[PDB]
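Here the structure is laid out as structure tokens; the discussion comes afterwards.
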2 protein chains.
Amino acid sequence: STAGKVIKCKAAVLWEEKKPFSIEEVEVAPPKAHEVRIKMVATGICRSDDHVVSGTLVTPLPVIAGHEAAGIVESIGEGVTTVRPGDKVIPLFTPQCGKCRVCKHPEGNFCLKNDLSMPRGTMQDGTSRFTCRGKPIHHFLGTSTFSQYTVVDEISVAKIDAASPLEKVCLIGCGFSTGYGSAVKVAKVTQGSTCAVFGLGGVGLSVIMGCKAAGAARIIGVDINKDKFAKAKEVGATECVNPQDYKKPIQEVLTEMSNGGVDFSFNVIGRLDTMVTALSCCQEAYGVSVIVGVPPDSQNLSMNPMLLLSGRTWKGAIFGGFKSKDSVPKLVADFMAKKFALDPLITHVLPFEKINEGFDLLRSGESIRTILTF
Amino acid sequence: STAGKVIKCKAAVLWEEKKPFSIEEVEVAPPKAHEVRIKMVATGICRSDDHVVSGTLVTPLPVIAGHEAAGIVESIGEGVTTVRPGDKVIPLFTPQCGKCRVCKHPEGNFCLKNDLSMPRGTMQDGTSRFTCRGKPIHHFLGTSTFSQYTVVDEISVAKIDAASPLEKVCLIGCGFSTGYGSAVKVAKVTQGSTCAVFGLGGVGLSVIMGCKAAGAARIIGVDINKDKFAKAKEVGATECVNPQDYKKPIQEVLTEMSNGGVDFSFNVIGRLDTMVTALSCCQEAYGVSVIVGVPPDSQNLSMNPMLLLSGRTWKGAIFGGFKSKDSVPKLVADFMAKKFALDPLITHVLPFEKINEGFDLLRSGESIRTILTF
Ligand SMILES: CC(C)(COP(=O)(O)OP(=O)(O)OC[C@H]1O[C@@H](n2cnc3c(N)ncnc32)[C@H](O)[C@@H]1O)[C@@H](O)C(=O)NCCC(=O)NCCS
Ligand SMILES: CC(C)(COP(=O)(O)OP(=O)(O)OC[C@H]1O[C@@H](n2cnc3c(N)ncnc32)[C@H](O)[C@@H]1O)[C@@H](O)C(=O)NCCC(=O)NCCS
Ligand SMILES: [Zn+2]
Ligand SMILES: [Zn+2]
Ligand SMILES: [Zn+2]
Ligand SMILES: [Zn+2]
């Protein structure tokens, strides 16, 4: 009975910087031409959402944030072809228009229709579908998943297997696919290779999972917090190392450990230093280092281009280099064929209403991933 | 009549830093086990040789320098298999032992037996084959081509077509193959792509030649010296641009010129800034920038890793990523099949004795490439 009209619901609104989320009553306008509207069933709490809170990921406020989710379609706008009423779905914070330079390219995925580079906090048409007390509220990354209902453009949503556990596959919306993809799509880890992951939060662990998926003989986890190590070895990390145990700087140890450098390194932290370390520790002639994480601060690093001239490759990606609308339904299909498990990434589950609690568990470094449910 | 014994000849000896080369009489010891000895017919004057002179490429002195050459084998040591007496050859400043981690790898070429990283200025065995007045003199990059006679290890020499004009194919020893290879092996330039070359000396021109060889629709030459432009368009550059004509910084102009960024950029200069420019000006999602040239100074650059995170790739190479002993005889074969011309790269020819004159023509930026002949 909701199709074609306004829905009154609860959302999590960030009125301004450095404040908690307030649960407010919200009006969600119905989907216009080429727009879908979705009943959220589960959303993950990711780092970038916290960066919205500190003001270090600059997007316009007030905003309904949140970008890692799954749910079910409530209705569709005119001429929507890719999804139907009731289809389970995952919003795509990196779109796939299928028509830009980037979408047409065989390697690229950072669709030119993205809202990441200079965020507008709107739908593709320049307007908002959310009001609170008549005050309009911005979208976030064309997703905005901190709400019982959202509306997104067709190029920001993917149909998925009608039977997927939405509490679990929502991780394919961001944290999993960002890490997994960094290893299997971007870096193209190969049989028997030696990998080295920097940062053992959930993206890092998904990287490790991507490195094991490829046939890596050695997967060296690096982190300053000991407590992250069990889980990493559980997911495939053959070895772990904590830089603060050592006298020598860690690329020096990782180089002698790997007999003159690793095949593939991954920076999954988001300090500046650690990116340089990771590049240096790969084999001088043919090593590949991948930037997964970055600080949102956006600052400049210092580095010796001698490291590249010997033959090293330094690259990075968003959303694990995955073309979003092609990839997500196959990535979920791969979960249902049991070609990897998601449980290890899910440490805390909460009702949507204790969103603020979940964000306390990320800031204290206790959560790998909190899931909010509806 | 020279096989198995000492040869008295002329060489160009650098007794110390920041002095001209002196023509001295030299004793060249005969080849030991697995060593070749070569009568030079032509050597090129490259930048790195001048960097030896200023003390900015640190190798031990005194030294017979020079690394871009061809010649003819005078004799061979025991158990040498790859070459015979009288075979025309090109010394390889980057070896191919065929046995290290790097040589065994399918992408790598920076053989671990190289003398580039921490130069010893010797043969592979740790000794010198050159004396002047009984004072021993170091080798350079296991080549030392500023001499009527040299001796190199078997893994630093390549047999070539018995009919090649040695005045011309010597360029495959360094400057040509460094540029050409950067485009066709390293970067893997593709059909119809948009290329952008920074620096239009002879390596840069060889890059341009490598970009035209691949099927590039657009090849944008960049240089601060107007006078380099005719030659670049001659070799395939479809367009040229001089940053000092403009108000906007050049990646900003190159970005609007290329409709949002080039497919492949190449830094072939060796300042720090220009490497960053070149990376920035390639397309954010799928662009590839290649470091060919570097300053020998070895300093640190400043850079925003946001540029990589969007999907950019930043890599570099020595000797155009070419596996030296496999590549040189096929690269020369490709010259004799007339699949590219070398004449455009050769601006000045001189007798070996006016070596100092040729080095004056590089420092004043008048030479693209001076060839010394014997
Ligand atoms: C860092 C990213 C990848 C999230 O990763 P993750 O969820 O694993 O964050 P988390 O902090 O939990 O994990 C990083 C790990 O680094 C460790 N760490 C912190 N400092 C150090 C250090 N000096 N040395 C080693 N490890 C460290 C922490 O212990 C932690 O385990 C994310 O913030 C990011 O930068 N993504 C970039 C891509 C992007 O912007 N996409 C848009 C949607 S997110
Ligand atoms: C620079 C290298 C590649 C030699 O190239 P080349 O012979 O073309 O040198 P050359 O100076 O003639 O050419 C560079 C060009 O840059 C131009 N240039 C100088 N400054 C600028 C600037 N600010 N902007 C644009 N162009 C510039 C010059 O006009 C010149 O034409 C070489 O020095 C090098 O760094 N090689 C690294 C690999 C290596 O060490 N291998 C070992 C054997 S050499
Ligand atoms: Zn697109
Ligand atoms: Zn995320
Ligand atoms: Zn080798
Ligand atoms: Zn050279």
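Using Swiss-Prot numbers, chain B covers 2-375, in order.
Determination method: X-ray crystallography, 2.3 Å.
Cβ coordinates are placed from backbone N, Cα and C, and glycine is handled just like the others.
What Swiss-Prot says about this protein:
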type    : residues                                                                                                      : note
MOD_RES : B:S2                                                                                                          : N-acetylserine
BINDING : B:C47, B:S49, B:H68, B:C175                                                                                   : Zn(2+) 1 binding site
BINDING : B:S49, B:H68                                                                                                  : alcohol binding site
BINDING : B:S49, B:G200, B:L201, B:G202, B:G203, B:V204, B:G205, B:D224, B:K229, B:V293, B:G294, B:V295, B:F320, B:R370 : NAD(+) binding site
BINDING : B:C98, B:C101, B:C104, B:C112                                                                                 : Zn(2+) 2 binding site
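Distribution of Swiss-Prot features across the structure.
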residue : record                : contacts (Cβ under 8 Å, 6+ apart)
B:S2    : N-acetylserine        : none
B:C47   : Zn(2+) 1 binding site : B:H68, B:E69, B:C175, B:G176
B:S49   : Zn(2+) 1 binding site : B:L58, B:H68, B:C175, B:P297
B:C98   : Zn(2+) 2 binding site : B:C104, B:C112, B:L113, B:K114, B:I156
B:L201  : NAD(+) binding site   : B:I209, B:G222, B:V223, B:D224, B:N226, B:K229, B:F230, B:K232, B:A233, B:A238, B:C241
B:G203  : NAD(+) binding site   : B:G176, B:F177, B:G180, B:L346, B:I369, B:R370
B:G294  : NAD(+) binding site   : B:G200, B:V204, B:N268, B:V269, B:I270, B:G271
Using C-alpha atoms only, work out the spacing between B:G205 (NAD(+) binding site) and B:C101 (Zn(2+) 2 binding site) and round it to an integer in Å.
30
Same-chain residues at least 6 apart in sequence whose Cβ lies under 8 Å from B:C101 (Zn(2+) 2 binding site):
B:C112, B:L113, B:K114
Residues close to Zn(2+) 1 site centre defined by B:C47, B:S49, B:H68, B:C175, Cβ within 8 Å:
B:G45, B:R48, B:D50, B:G67, B:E69, B:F94, B:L142, B:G174, B:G176
Starting from the Cβ centroid of B:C98, B:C101, B:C104, B:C112, which together make up the recorded Zn(2+) 2 site, report each further residue of the same chain whose Cβ lies within 8 Å of that point, ordered by sequence.
B:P96, B:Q97, B:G99, B:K100, B:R102, B:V103, B:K105, B:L113, B:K114, B:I156
Sparsest-packed of the listed binding-site residues (B:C104, B:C112, B:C175) - C-beta count within 10 angstroms:
B:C104
Within 10 Å of the Cβ of B:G205 (NAD(+) binding site), how many other Cβ atoms can be counted across all chains shown?
30
Cβ under 6 Å from ligand 6: which of the binding-site residues B:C47, B:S49, B:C98 qualify?
B:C47, B:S49
Conformational class of B:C175 (Zn(2+) 1 binding site) under the three-state DSSP mapping:
coil
Cβ under 6 Å from ligand 5: qualifying recorded positions of B:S2, B:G203, B:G205, B:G294, B:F320:
none
Using a Cβ-Cβ cut-off under 8 angstroms and a sequence gap of six or more, which residues of the chain neighbour B:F320 (NAD(+) binding site)?
B:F94, B:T95, B:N110, B:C175, B:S178, B:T179, B:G182
Tell me which recorded positions (B:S2, B:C98, B:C101, B:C104, B:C112, B:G203) have a Cβ under 6 A from ligand 2; sequence order is fine.
B:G203
Across the record's NAD(+)-binding residues B:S49, B:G200, B:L201, B:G202, B:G203, B:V204, B:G205, B:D224, B:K229, B:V293, B:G294, B:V295, B:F320, B:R370, the largest CA-CA distance in angstrom?
23
Secondary structure of B:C112 (Zn(2+) 2 binding site) (DSSP, helix/strand/coil):
coil
I'd like the number of other C-beta atoms within 10 A of the C-beta of B:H68 (Zn(2+) 1 binding site), please.
24
